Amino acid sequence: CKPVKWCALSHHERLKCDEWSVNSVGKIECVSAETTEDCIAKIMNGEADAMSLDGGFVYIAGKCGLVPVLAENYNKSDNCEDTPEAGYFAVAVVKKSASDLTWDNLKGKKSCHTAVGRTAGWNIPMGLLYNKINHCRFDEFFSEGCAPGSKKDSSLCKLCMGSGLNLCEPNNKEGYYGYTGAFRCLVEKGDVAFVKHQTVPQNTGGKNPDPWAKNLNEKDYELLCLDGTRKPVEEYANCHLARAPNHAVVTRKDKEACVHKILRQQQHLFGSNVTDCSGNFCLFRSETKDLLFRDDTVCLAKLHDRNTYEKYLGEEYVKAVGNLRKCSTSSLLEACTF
């Protein structure tokens, strides 16, 4: 069991893993690979033992026989490490005042996305719209919109609000970037916003004091259901697109107990309760951003029932990511699905 070999996919990740390794006094060791898929392959063949992956890669890793064993939890609580979070629900929000707007006729409408490539703002809705997309041209489905990160001259930059050269940039200098930004986009310019289930409630009724949000009313918005109907934003349960999971640590099934034990001890040592991270090693802090784990991680929580990809990932989520893979394929996925 000792040591658990962690796989790093960047120079900065490897540096952090090196630091972790010596601080762990050999309970953790480091291996590098060029890309995420190369790391997954190393875990499959025993050259590495574990890494943390986003939902799309938990899917690929699972098709390859690896299992998720810990969820990254992002919220504080007294039972964090024994209580894995389920993530959030991606939703499509429209104005109640909008006439004739449903899931079935989004083609050619005006869209607001958190950013290109984001799970709630792009991957989930585009993956579910797949059947109506022509030749993988996701950027040609809507007439125009704001999807920060798009090409400066794309129809999906037309609605963005960034001043100067910040226009359509995937960062906070672009006003329509992010969950709150995409909702602002809906309120100000667009027809539909792709956000998550907390977004409207947290940005209405004064909960967000910013001028654009402070006087909004939750009742002015509705959700688009996959069946073509609409519901109030409070009723996302059976009117959402897909459940987006937290990132998960994956490993070979026969290393599940080992990884549980070692990582629980590691987070007790170096996790979110470390009082002074200045100069000291902290597992969930990064010199840049989100190295090895998301910087938002509070703890790694043991999975019980949801320790397979099919149980960890939502059904519509798997459909969405599967469809995206039809437009951007993976040699690893191919090798594993034969």
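So that there is no doubt, residue numbering starts at 1 and follows the sequence shown.
When 257 to 265 is weighed against 165 to 173, 165 to 173 comes out higher, by mean CA B-factor as recorded in the entry.
Comparing 193 to 201 with 215 to 223, the stretch with the higher mean C-alpha B-factor in the PDB entry is 215 to 223. As recorded in the PDB entry, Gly228 shows the highest C-alpha B-factor of the residues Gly127, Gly228, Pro232, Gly117.
Across the options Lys95, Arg243, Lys151, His113, the residue with the most elevated CA B-factor in the record is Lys151.
When all modelled residues of the chain are sorted by CA temperature factor, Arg294 is found within the middle third. Split the chain's modelled residues into thirds by C-alpha temperature factor. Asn323 is in the middle one.
Sort the modelled residues of the chain by CA B factor and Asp100 lands in the highest third. Sorting the modelled residues of the chain by their CA temperature factor places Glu287 in the highest third. Ranked within its chain, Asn307 lands in the middle third, by CA B factor from the PDB record.
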